[PDB]
Amino acid sequence: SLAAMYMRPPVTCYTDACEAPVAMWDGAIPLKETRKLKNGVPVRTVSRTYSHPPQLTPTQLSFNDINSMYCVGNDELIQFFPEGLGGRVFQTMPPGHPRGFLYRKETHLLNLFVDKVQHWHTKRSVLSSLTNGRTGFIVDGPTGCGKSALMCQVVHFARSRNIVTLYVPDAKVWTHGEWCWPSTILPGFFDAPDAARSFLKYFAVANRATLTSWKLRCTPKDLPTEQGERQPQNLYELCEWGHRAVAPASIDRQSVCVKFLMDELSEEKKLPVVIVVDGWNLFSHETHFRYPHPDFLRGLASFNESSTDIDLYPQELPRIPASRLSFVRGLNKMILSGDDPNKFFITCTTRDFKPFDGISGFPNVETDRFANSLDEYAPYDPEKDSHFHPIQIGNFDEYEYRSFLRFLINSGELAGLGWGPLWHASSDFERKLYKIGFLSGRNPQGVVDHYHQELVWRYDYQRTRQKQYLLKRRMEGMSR
Amino acid sequence: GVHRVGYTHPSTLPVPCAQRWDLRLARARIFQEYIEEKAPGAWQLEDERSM
Amino acid sequence: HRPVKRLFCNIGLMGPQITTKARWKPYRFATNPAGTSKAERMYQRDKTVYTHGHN
Amino acid sequence: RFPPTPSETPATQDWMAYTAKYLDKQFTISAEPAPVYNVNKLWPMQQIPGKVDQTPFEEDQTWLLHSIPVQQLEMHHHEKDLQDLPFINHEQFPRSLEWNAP
Amino acid sequence: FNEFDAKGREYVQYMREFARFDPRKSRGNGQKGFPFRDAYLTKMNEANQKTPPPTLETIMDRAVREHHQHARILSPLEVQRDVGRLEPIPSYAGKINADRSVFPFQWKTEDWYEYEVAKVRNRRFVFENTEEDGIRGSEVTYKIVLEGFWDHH
Amino acid sequence: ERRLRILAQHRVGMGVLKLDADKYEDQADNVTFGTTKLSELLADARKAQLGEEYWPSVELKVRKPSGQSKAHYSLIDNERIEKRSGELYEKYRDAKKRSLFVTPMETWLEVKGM
Amino acid sequence: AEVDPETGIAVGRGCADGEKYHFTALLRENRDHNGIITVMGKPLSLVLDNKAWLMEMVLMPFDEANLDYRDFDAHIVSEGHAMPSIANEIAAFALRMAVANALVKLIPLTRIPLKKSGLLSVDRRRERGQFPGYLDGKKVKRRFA
Amino acid sequence: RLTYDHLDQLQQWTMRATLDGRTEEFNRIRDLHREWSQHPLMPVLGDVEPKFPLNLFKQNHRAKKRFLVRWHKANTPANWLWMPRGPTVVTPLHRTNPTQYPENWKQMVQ
Amino acid sequence: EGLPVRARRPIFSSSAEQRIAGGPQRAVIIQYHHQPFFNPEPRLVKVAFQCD
Amino acid sequence: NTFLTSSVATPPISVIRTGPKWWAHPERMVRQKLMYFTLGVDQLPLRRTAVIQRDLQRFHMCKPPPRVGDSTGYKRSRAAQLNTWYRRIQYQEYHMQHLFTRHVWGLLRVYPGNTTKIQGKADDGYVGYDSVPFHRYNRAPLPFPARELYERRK
Amino acid sequence: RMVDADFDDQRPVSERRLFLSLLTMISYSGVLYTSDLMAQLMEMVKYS
Amino acid sequence: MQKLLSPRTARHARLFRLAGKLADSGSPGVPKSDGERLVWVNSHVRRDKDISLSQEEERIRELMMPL
Amino acid sequence: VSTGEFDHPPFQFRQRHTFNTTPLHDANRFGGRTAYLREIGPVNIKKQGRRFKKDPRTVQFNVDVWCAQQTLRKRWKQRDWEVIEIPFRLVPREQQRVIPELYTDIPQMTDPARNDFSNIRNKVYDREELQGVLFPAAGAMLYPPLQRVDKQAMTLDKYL
Amino acid sequence: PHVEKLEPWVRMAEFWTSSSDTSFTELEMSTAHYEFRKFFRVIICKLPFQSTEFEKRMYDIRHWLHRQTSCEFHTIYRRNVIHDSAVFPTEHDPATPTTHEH
Amino acid sequence: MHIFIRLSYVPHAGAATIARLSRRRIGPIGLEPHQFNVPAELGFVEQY
Amino acid sequence: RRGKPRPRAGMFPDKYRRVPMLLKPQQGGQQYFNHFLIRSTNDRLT
Ligand SMILES: Nc1ncnc2c1ncn2[C@@H]1O[C@H](COP(=O)(O)OP(=O)(O)OP(=O)(O)O)[C@@H](O)[C@H]1O
Ligand SMILES: [Mg+2]
């Protein structure tokens, strides 16, 4: 066997170092003898029949890369995505497995759009025609498509080209967060401190280089500051001041900071700004929070006789619309009010909800798969519910699906997460790809799920039949 | 939520029609029915087992 | 437990988080006095009192 | 009949009215734009007009935190009580179960 | 009938009834007025009118087979898989148009529920005595329901 | 016809009104009761001939205001909100100079004592 | 081959658990090479709750016929006892039998591989009927002293 | 019993750890898996877990389950000699040290 | 097939919800399926009117 | 997590001998595979269990092979050896699952059921809100709050 | 066929060698060349 | 310069000509757009190369089967 | 199709917390509502325990009503719209017709003449188009007109 | 007249067989099922006219029905009913409308 | 068209009289303008 | 049972007496037979 003859090639990038020990994946990934004239004298070395997709920067991506795979380094992910990733997009890249992305056809279009945004001032007319006068793009499609992956790639493109980008990877933490607190200085407005504290910290470190050069245009110079801390004369220092406080003093610390940050950001008309908001459909309707009962802000002396029933029966009060949040107020103001031709919104419509069709019994507490997913049950239409130009994206075509499946199976088996020594216990690549197409319906979310469920397949006789044929041929050869 | 159900009179309407409550009262006149005043509006449940 | 759950329902600002995600101590554990600091308190209750497990 | 209806509140009909009355007292619009015609909040059920009543609960928590009792004694049906039990099925005549009366 | 088996004979009835269905004809009969459930509901479903075209890879494969390789991809119906003899090409080999609005049937849950409960409830709402010419249409109708202990009796 | 359909919810079906008179044991009396009730229902349904004030209203399911109209909620009294925000910030910082944590209940929200 | 000339739909019948599961399969070829399988008006994956070990045996008749699933549109109608979720091996077996019978009716020569692989064969096993003499009612007697 | 919400929380935690660069938990998990996940050597002829004697007049099911429970309680993972363990074993399937893991890719150059 | 029958010519009108009868004139039966699954109630017989 | 009742532990033989009902159930198997994949370690024991179990359930219906009868007993010894080897492989898989589940719960700050051990910060065993006023294994009383294995802030 | 897909062999004969072999073969043959054949040959020459 | 937007190889050019012919014929599903047809041909040749490498690796794997 | 369990498990021997077997009323089956039917601790059959919790019929009825409540709450979550009366003259053309009562006739279609095959009982109209008729005396349009996107427009999706 | 079918009335009576007055387990294990059956057939006649002669000839077949067989006669006949505004007029609604209290 | 309507439309009383003559449709008949003849149908079950 | 030893499994009838012989075991993989026969013919020719 071609096992001891193989030595690992020199490691150039993080992707090359994700190779499992040779003995484990020798069966899964066969090796072949490659001959070439190395410095005159020909040399014949054994090499793998498969290699990971090359890792290359977004500026190196081209038209020929459409419907192909490309990897991103671990250090690049750390410096580009401190806010996190999409809800279900990171589960395909465990720490050992290399981080890959599919350069979709829509990805190329958005890569070009971000490229124009780099210097939009020279091509304002070009971008206006692309957006058709709208303030950005909103991406909608069937549940489990690559809409969140598109947003992650967009943020990668923006940060690689050094454009200040406001990233909201999860809209659940804002609209359907843990608790909501009224705004400190904005009457009739609320905010979510749990999401705001993390958002400010991640946004600051994400755009540390860009925001450092920024200067405050509309910001009070006499804001409260504890001993040892310095008044923020820089936008990045303002962001740090927003979250560098001990609770409960941080609640109002972020409440004023988020409003001033939005106001200062809206007061910029030259530097391009890119906004990426995953799950924008949560920002256009009511939040799951409820307005407080009026008896809670009235004061009760004797509960037994106070003409109140808050402690008797629970009741439903109107829900807070997402437009009443301090964070969302800035975004709505930029979208509606004109005179802001440098803000570019790229938003997604998450459709991860608890299934419901007629009857709905109590889900099993253990086997539930949509338990963590939020539930709204409200039909959504981005064309009528958003000001951005709608982009309809469907499931993978078989070209993209084949590349996605090839990357998942082979890179995982090369990284040391596949069958490895048990390669003969799984069907061939074409048989697996054919089965996954039927099982998953060529759905990006279904592909990874059925790839994981591949081992539990019971009805697949190809390997047993192939073993039987090989044994029969070997016996005939021994007889001869 | 808790609310008081309004009743817009056809005379007060910009263009008069026949209100659903008026038609239901006519139905109760036609067939001798019983209007349960204390019937809650939040307990309208469909027997999904047999429906 | 009943009034605190009802007040959490009525206050809003939490939504379904008090039932879909929150959990509460059992019926006999939530009836302990203000300061207990001991598990065996529920068995120290008077037995000749016919209050049906209400201390 | 349960669930009991809690006492009404003035400005809990809509978020605009709630903000105008309980939050700032400076909100310009009194309430949401109300159509001149009648709006039936509980569409299937025709409730008595002028009567304060609730609507089926949107949230799950209130359903199990409300004062909703459970069945304790035997279940009584307005007509099936003649038939003693599911086991003791009292049939007056041996007619078909799919029989029609024209 | 030697054409189809029991289930096929039953189902071709529904197919023909939906083919000749007209909603204005249901005013007289009861359950008979209800058309084929699957076809009617999948027609009412608004998400089925958008039939996807043949996919890019299949189009390219058919092109490279018919034009470049001079051998078109035969549909499974017209493939002579009987090694014993040549079978004639059936009339439905490839001329049966495929549309998402007709087959396979996909319907909304609420539409299905409403159809089922309406069909159950509209049991006796049939005007037996009409002026239509033929078997249906009469002045008086008599039903003699004769009951005994034995089926042969 | 529409008024009659509204008046008779389940008694009509597929354009065929049906009334099962079961009041009396005698069919001779039951048919009399059925005819009387049918005539009464028809007379009460004929109100639509009198004028538009008896025409049954149409049940129309109007949608909640769409997201585009919802987004305008963030700009309600926008100039007044911006003007008030500066004063609220002044009060907030003045109270923060003396208290470690400041709540909106002492800045803008009002909670009556008793 | 027996099939309606007008629509080209082959009808097959499958049964499992005696009378608990009865399904009727309607099969038609798609000229567009786009093929979806539907059960009671819903996608097969949604019907079977995205269970690979159940959806594999529905595809198995096509693999044993050496055909392409994308060329056929299959609809499944459930008869007998209807349940909310039929994501169980017995119901999957019934669906497999119905699909195999429909494919056999559509294409005659497909009968040999399916019959030799046992796809068309019906198992007469069914759950033991209720009996109040048993403690649970099915298979366990009462306490003896 | 492990739930899908637990899986989602684990995915969020590992995403946070990867994005923050904390890899000590990953290294300790991988070392624990390397130590506990070795291929069991094939038992020699005559290796069979003992079975409880059978009697027909009166089968004591309580003793039947007691013997099994006690035997498996004694058969602790510590003394599982069949599963190779310790540093003397050679594992030609897993990386031996954290230095050669892909997170330390900066070292393997030229 | 080819059975001489005299059938009433139907008249097609959108104003009439139901079918319109007409003059009974000569016709030739092109085909008639006795199978109820090929022509359910009300069963039809395909005819050709020789006048036009 | 959601199961906080004191539980009874069945023998590993009793767990393994259950067929594709709980031990070999595809839903639980794929959940374990997902957990291993998210942790980034190879699923060799789980795959070695699955390859055995799918063949076992495939061949469960048929009859045992006819045998002439080995005088030396080599065939019976070989069959017993194979059965024991498969049982030990499944033992290793069971232990791997029951170890990594506890490790994941400890990492995720998930409070487990009564009378179970998490190698991180709870070695005696976790008892909280139990029907008995003591640990039931150390016979020591416990505070009214269950315990605080992890800090407060997340 | 020479440039439609990829050939698999125990000896991977190069595209240059196979194209030159075919060109010499058709040169040795006396076939009256056609526009499409020469166009295909020139297109193959276009990139190498 | 980056990469030229032209069919690089013989398969690329031939499938580009075929896509143009299909667009002229007006078959359903043909994108009849230049960039879309370029994406089509690039993806199809990529699929062909993937099939070729899978066929190359399967025969090497067959030699490594245990029995 | 729903993955939830609608059936109360039958009464049998005492269920112990283990693998494949959990207590019948361990705060997880049918949500937390099983506390209404939970009787913790060893209980004397002679003189302890409420019989309605031991009656299979009653507990099945209770779990049925709880499932019905779940279905109702989810349906009302879906029901984002509200119903407003209009006197048959300000409605669009698709509504100027006779609509049979619920569950009384064939499910009607929304004017199949112009290839519109929706369900008339499920069609929902937005407020923007009906703003004029709903608020005749409003004067200034309080709700802004709905800005429709032109499909014929040359946008980024059309491969500019 | 064409003859149609109808689902037979089948009723399964389940009862004990043992006479033991002590052993409830034996009584339950001795349970037996026996069912009563009543099969019906429906004859449909559609006369284009109402003739009393046919009714006379039809109602008088119960005399010569076969052994152990009964018959039911469903009659659906068109009947002219008179609707008049003299006793059921179409007037306006009352000046004071009736409420739920009535 | 008016001729067709005149020769094809029957009044309520005319239709009731025409059906009652030949088909023996039992039931009262009304000729006053305020009366209307509704040709409904009745269904009942007789068993002896 | 009734205070008696439980009979051995041989006395009980077949547990799978109600399934066809072709089901136990299934012979799936018929599509590969022609391919393997042609492969065998090709390699035998070589
Ligand atoms: N270009 C891509 N590169 C890598 N993975 C991708 C790509 N597109 C989609 N995926 C994968 O598809 C799956 C689902 O993608 P995604 O997270 O965008 O779903 P979604 O439609 O936004 O879901 P939800 O409704 O939960 O918000 C993930 O496993 C993700 O990794
Ligand atoms: Mg998403």
# chains A, B, ... in the order shown; residues from 1 in each chain; ligands from 1

$ residues_around --residues "stretch 424-435 of chain A" --least-positions-apart "6" --cutoff "10 Å" --atoms "only C-alpha atoms" --output "compact mmCIF listing (two decimals) with N, CA and C atoms, in the first residue's frame"
# COMPACT_ATOMS: atom_id res chain seq x y z
N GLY A 27 -7.13 4.99 3.38
CA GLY A 27 -8.20 4.26 2.71
C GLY A 27 -9.24 5.18 2.10
N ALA A 28 -9.60 6.25 2.80
CA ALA A 28 -10.66 7.14 2.32
C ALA A 28 -10.22 7.90 1.08
N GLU A 398 -27.60 21.71 -9.02
CA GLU A 398 -26.79 20.51 -8.86
C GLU A 398 -25.30 20.79 -9.05
N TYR A 401 -24.47 22.19 -5.67
CA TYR A 401 -24.69 21.11 -4.72
C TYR A 401 -23.58 20.07 -4.79
N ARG A 402 -23.14 19.73 -6.01
CA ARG A 402 -22.06 18.76 -6.15
C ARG A 402 -20.76 19.27 -5.55
N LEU A 405 -21.15 19.22 -1.72
CA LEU A 405 -21.07 17.87 -1.18
C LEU A 405 -19.66 17.31 -1.29
N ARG A 406 -18.98 17.58 -2.41
CA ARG A 406 -17.61 17.11 -2.57
C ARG A 406 -16.70 17.70 -1.51
N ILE A 409 -17.61 16.04 2.19
CA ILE A 409 -17.20 14.66 2.41
C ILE A 409 -15.68 14.53 2.41
N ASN A 410 -15.03 15.05 1.36
CA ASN A 410 -13.60 14.79 1.19
C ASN A 410 -12.76 15.57 2.20
N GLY A 441 -33.33 17.09 -1.23
CA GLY A 441 -33.97 17.96 -2.20
C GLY A 441 -33.08 19.08 -2.68
N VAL A 447 -28.35 19.31 2.96
CA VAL A 447 -27.17 18.59 2.50
C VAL A 447 -26.29 18.20 3.67
N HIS A 450 -28.08 15.51 5.99
CA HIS A 450 -28.07 14.15 5.44
C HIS A 450 -26.66 13.62 5.27
N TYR A 451 -25.67 14.51 5.13
CA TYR A 451 -24.28 14.07 5.16
C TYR A 451 -23.94 13.48 6.52
N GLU A 454 -25.52 10.10 6.98
CA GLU A 454 -25.13 9.12 5.97
C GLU A 454 -24.80 7.77 6.59
N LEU A 455 -24.15 7.78 7.76
CA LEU A 455 -23.70 6.53 8.36
C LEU A 455 -24.86 5.63 8.75
N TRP A 457 -27.58 5.02 7.20
CA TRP A 457 -28.27 4.37 6.09
C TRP A 457 -28.18 2.86 6.22
N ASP A 460 -28.25 0.07 1.45
CA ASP A 460 -27.26 0.44 0.44
C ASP A 460 -26.36 -0.77 0.22
N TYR A 461 -26.63 -1.52 -0.84
CA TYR A 461 -25.99 -2.81 -1.08
C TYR A 461 -24.77 -2.71 -1.98
N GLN A 462 -24.36 -1.50 -2.36
CA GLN A 462 -23.28 -1.36 -3.34
C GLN A 462 -21.97 -1.95 -2.82
N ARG A 463 -21.61 -1.64 -1.58
CA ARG A 463 -20.35 -2.13 -1.03
C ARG A 463 -20.37 -3.64 -0.86
N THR A 464 -21.50 -4.19 -0.39
CA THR A 464 -21.60 -5.64 -0.26
C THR A 464 -21.51 -6.32 -1.62
N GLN A 466 -20.04 -5.04 -4.34
CA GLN A 466 -18.68 -4.86 -4.85
C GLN A 466 -17.70 -5.80 -4.16
N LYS A 467 -17.85 -5.98 -2.84
CA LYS A 467 -16.99 -6.93 -2.14
C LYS A 467 -17.21 -8.35 -2.66
N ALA G 52 -33.59 10.06 7.23
CA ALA G 52 -32.90 9.42 6.12
C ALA G 52 -33.17 7.93 6.06
N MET G 55 -36.52 7.65 4.40
CA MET G 55 -36.59 8.11 3.02
C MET G 55 -35.73 7.28 2.08
N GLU G 56 -34.77 6.51 2.60
CA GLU G 56 -33.92 5.72 1.72
C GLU G 56 -34.70 4.58 1.07
N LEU G 59 -36.72 5.57 -1.96
CA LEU G 59 -35.90 5.63 -3.17
C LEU G 59 -35.45 4.25 -3.63
N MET G 60 -35.41 3.27 -2.72
CA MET G 60 -34.88 1.96 -3.07
C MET G 60 -35.52 1.32 -4.30
N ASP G 63 -33.68 2.60 -7.34
CA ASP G 63 -32.33 2.06 -7.44
C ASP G 63 -32.34 0.61 -7.90
N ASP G 68 -33.94 6.65 -12.61
CA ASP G 68 -33.64 7.94 -11.99
C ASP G 68 -34.90 8.49 -11.36
N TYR G 69 -34.82 8.82 -10.07
CA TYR G 69 -35.99 9.34 -9.36
C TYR G 69 -36.43 10.69 -9.91
N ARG J 47 -18.86 4.99 14.51
CA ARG J 47 -18.95 4.34 13.21
C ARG J 47 -18.72 2.84 13.32
N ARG J 48 -17.79 2.41 14.18
CA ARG J 48 -17.58 0.99 14.38
C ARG J 48 -18.80 0.32 15.00
N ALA J 50 -21.96 1.51 14.46
CA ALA J 50 -23.01 1.57 13.44
C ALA J 50 -22.83 0.51 12.37
N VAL J 51 -21.59 0.26 11.94
CA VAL J 51 -21.37 -0.72 10.88
C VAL J 51 -21.75 -2.11 11.36
N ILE L 51 -16.17 14.55 -12.09
CA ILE L 51 -16.51 13.17 -12.45
C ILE L 51 -15.26 12.41 -12.87
N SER L 54 -13.31 11.54 -9.76
CA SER L 54 -13.99 10.49 -9.02
C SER L 54 -13.77 9.13 -9.67
N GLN L 55 -13.87 9.07 -11.00
CA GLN L 55 -13.59 7.82 -11.71
C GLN L 55 -12.14 7.40 -11.56
N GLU L 57 -10.27 8.02 -8.87
CA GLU L 57 -10.02 7.57 -7.50
C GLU L 57 -10.76 6.27 -7.16
N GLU L 58 -11.90 6.00 -7.81
CA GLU L 58 -12.64 4.79 -7.46
C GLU L 58 -11.86 3.53 -7.82
N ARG L 61 -9.31 2.97 -5.24
CA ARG L 61 -9.94 2.47 -4.02
C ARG L 61 -10.31 1.00 -4.12
N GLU L 62 -10.71 0.54 -5.32
CA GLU L 62 -11.09 -0.86 -5.47
C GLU L 62 -9.94 -1.80 -5.16
N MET L 64 -7.85 -1.41 -2.81
CA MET L 64 -7.60 -1.36 -1.38
C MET L 64 -8.69 -2.04 -0.56
N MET L 65 -9.66 -2.68 -1.21
CA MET L 65 -10.73 -3.34 -0.48
C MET L 65 -10.16 -4.49 0.35
N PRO L 66 -10.67 -4.70 1.57
CA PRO L 66 -10.15 -5.81 2.39
C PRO L 66 -10.38 -7.18 1.76

$ residues_around --residues "residue N:91" --least-positions-apart "4" --cutoff "12 Å" --atoms "only C-alpha atoms" --output "PyMOL selection string"
(chain F and resi 43-51+54) or (chain N and resi 85-87+95)

$ write_last_selection --atoms "C-alpha atoms" --output "mmCIF file, in the first residue's frame"
data_model
loop_
_atom_site.group_PDB
_atom_site.id
_atom_site.type_symbol
_atom_site.label_atom_id
_atom_site.label_comp_id
_atom_site.auth_asym_id
_atom_site.auth_seq_id
_atom_site.Cartn_x
_atom_site.Cartn_y
_atom_site.Cartn_z
ATOM 1 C CA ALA F 43 -89.482 37.526 5.107
ATOM 2 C CA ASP F 44 -86.601 38.525 7.382
ATOM 3 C CA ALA F 45 -84.101 37.914 4.572
ATOM 4 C CA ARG F 46 -86.087 40.080 2.135
ATOM 5 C CA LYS F 47 -84.993 43.267 4.002
ATOM 6 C CA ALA F 48 -82.300 43.812 1.353
ATOM 7 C CA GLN F 49 -84.996 45.008 -1.067
ATOM 8 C CA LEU F 50 -85.814 47.979 1.181
ATOM 9 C CA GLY F 51 -82.481 49.767 0.837
ATOM 10 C CA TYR F 54 -80.085 46.289 5.147
ATOM 11 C CA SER N 85 -96.385 39.348 2.750
ATOM 12 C CA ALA N 86 -99.890 39.465 4.253
ATOM 13 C CA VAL N 87 -98.794 37.488 7.321
ATOM 14 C CA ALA N 95 -87.203 52.098 16.095
#

$ atom_distance --atom1 "atom CA of residue F:77" --atom2 "atom CA of residue A:335"
16.7 Å

$ select_by_dssp --residues "chain I" --states "strand (DSSP E)" --output "number ranges by chain"
I: 4-8, 24-31, 46-48

$ write_last_selection --atoms "N, CA, C and O atoms" --output "PDB file, in the first residue's frame"
ATOM      1  N   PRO I   4     -75.659   5.193 -36.364  1.00  0.00           N
ATOM      2  CA  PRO I   4     -76.512   6.346 -36.673  1.00  0.00           C
ATOM      3  C   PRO I   4     -77.471   6.672 -35.544  1.00  0.00           C
ATOM      4  O   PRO I   4     -78.365   5.881 -35.231  1.00  0.00           O
ATOM      5  N   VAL I   5     -77.290   7.836 -34.923  1.00  0.00           N
ATOM      6  CA  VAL I   5     -78.177   8.309 -33.874  1.00  0.00           C
ATOM      7  C   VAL I   5     -78.564   9.746 -34.186  1.00  0.00           C
ATOM      8  O   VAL I   5     -77.878  10.455 -34.923  1.00  0.00           O
ATOM      9  N   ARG I   6     -79.687  10.167 -33.616  1.00  0.00           N
ATOM     10  CA  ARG I   6     -80.168  11.538 -33.741  1.00  0.00           C
ATOM     11  C   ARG I   6     -80.063  12.189 -32.369  1.00  0.00           C
ATOM     12  O   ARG I   6     -80.783  11.813 -31.440  1.00  0.00           O
ATOM     13  N   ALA I   7     -79.167  13.160 -32.247  1.00  0.00           N
ATOM     14  CA  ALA I   7     -78.900  13.820 -30.979  1.00  0.00           C
ATOM     15  C   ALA I   7     -79.250  15.296 -31.081  1.00  0.00           C
ATOM     16  O   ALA I   7     -79.236  15.879 -32.167  1.00  0.00           O
ATOM     17  N   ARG I   8     -79.591  15.890 -29.942  1.00  0.00           N
ATOM     18  CA  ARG I   8     -79.885  17.314 -29.897  1.00  0.00           C
ATOM     19  C   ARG I   8     -78.584  18.103 -29.863  1.00  0.00           C
ATOM     20  O   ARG I   8     -77.708  17.837 -29.035  1.00  0.00           O
ATOM     21  N   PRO I  24     -82.898  18.279 -32.417  1.00  0.00           N
ATOM     22  CA  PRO I  24     -82.381  16.916 -32.601  1.00  0.00           C
ATOM     23  C   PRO I  24     -82.169  16.612 -34.076  1.00  0.00           C
ATOM     24  O   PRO I  24     -83.122  16.557 -34.859  1.00  0.00           O
ATOM     25  N   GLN I  25     -80.911  16.412 -34.459  1.00  0.00           N
ATOM     26  CA  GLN I  25     -80.561  16.101 -35.834  1.00  0.00           C
ATOM     27  C   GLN I  25     -79.584  14.934 -35.867  1.00  0.00           C
ATOM     28  O   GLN I  25     -79.082  14.481 -34.834  1.00  0.00           O
ATOM     29  N   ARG I  26     -79.314  14.459 -37.080  1.00  0.00           N
ATOM     30  CA  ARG I  26     -78.547  13.239 -37.274  1.00  0.00           C
ATOM     31  C   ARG I  26     -77.115  13.398 -36.777  1.00  0.00           C
ATOM     32  O   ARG I  26     -76.551  14.494 -36.769  1.00  0.00           O
ATOM     33  N   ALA I  27     -76.529  12.278 -36.355  1.00  0.00           N
ATOM     34  CA  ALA I  27     -75.161  12.264 -35.864  1.00  0.00           C
ATOM     35  C   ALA I  27     -74.581  10.870 -36.038  1.00  0.00           C
ATOM     36  O   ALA I  27     -75.309   9.889 -36.212  1.00  0.00           O
ATOM     37  N   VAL I  28     -73.254  10.795 -35.997  1.00  0.00           N
ATOM     38  CA  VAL I  28     -72.522   9.536 -36.076  1.00  0.00           C
ATOM     39  C   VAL I  28     -71.674   9.406 -34.820  1.00  0.00           C
ATOM     40  O   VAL I  28     -70.954  10.341 -34.455  1.00  0.00           O
ATOM     41  N   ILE I  29     -71.753   8.252 -34.164  1.00  0.00           N
ATOM     42  CA  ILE I  29     -71.048   8.041 -32.903  1.00  0.00           C
ATOM     43  C   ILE I  29     -69.587   7.733 -33.212  1.00  0.00           C
ATOM     44  O   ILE I  29     -69.268   6.681 -33.771  1.00  0.00           O
ATOM     45  N   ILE I  30     -68.694   8.655 -32.849  1.00  0.00           N
ATOM     46  CA  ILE I  30     -67.268   8.433 -33.063  1.00  0.00           C
ATOM     47  C   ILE I  30     -66.748   7.360 -32.117  1.00  0.00           C
ATOM     48  O   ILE I  30     -66.048   6.429 -32.530  1.00  0.00           O
ATOM     49  N   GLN I  31     -67.081   7.475 -30.835  1.00  0.00           N
ATOM     50  CA  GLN I  31     -66.669   6.494 -29.843  1.00  0.00           C
ATOM     51  C   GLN I  31     -67.567   6.629 -28.626  1.00  0.00           C
ATOM     52  O   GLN I  31     -68.082   7.712 -28.336  1.00  0.00           O
ATOM     53  N   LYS I  46     -69.388  10.673 -27.691  1.00  0.00           N
ATOM     54  CA  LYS I  46     -68.804  11.570 -28.679  1.00  0.00           C
ATOM     55  C   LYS I  46     -69.480  11.373 -30.028  1.00  0.00           C
ATOM     56  O   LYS I  46     -69.514  10.260 -30.562  1.00  0.00           O
ATOM     57  N   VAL I  47     -69.993  12.464 -30.596  1.00  0.00           N
ATOM     58  CA  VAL I  47     -70.761  12.413 -31.828  1.00  0.00           C
ATOM     59  C   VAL I  47     -70.195  13.414 -32.823  1.00  0.00           C
ATOM     60  O   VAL I  47     -69.512  14.377 -32.465  1.00  0.00           O
ATOM     61  N   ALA I  48     -70.485  13.157 -34.096  1.00  0.00           N
ATOM     62  CA  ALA I  48     -70.140  14.050 -35.193  1.00  0.00           C
ATOM     63  C   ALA I  48     -71.412  14.348 -35.968  1.00  0.00           C
ATOM     64  O   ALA I  48     -72.076  13.424 -36.449  1.00  0.00           O
TER      65      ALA I  48
END

$ residues_near_ligand --ligand "ligand 1" --cutoff "7 Å" --atoms "only C-alpha atoms and all ligand atoms" --output "MDAnalysis selection string"
chainID A and resid 86:92 100:104 142:150 279 350:352 444:445 448
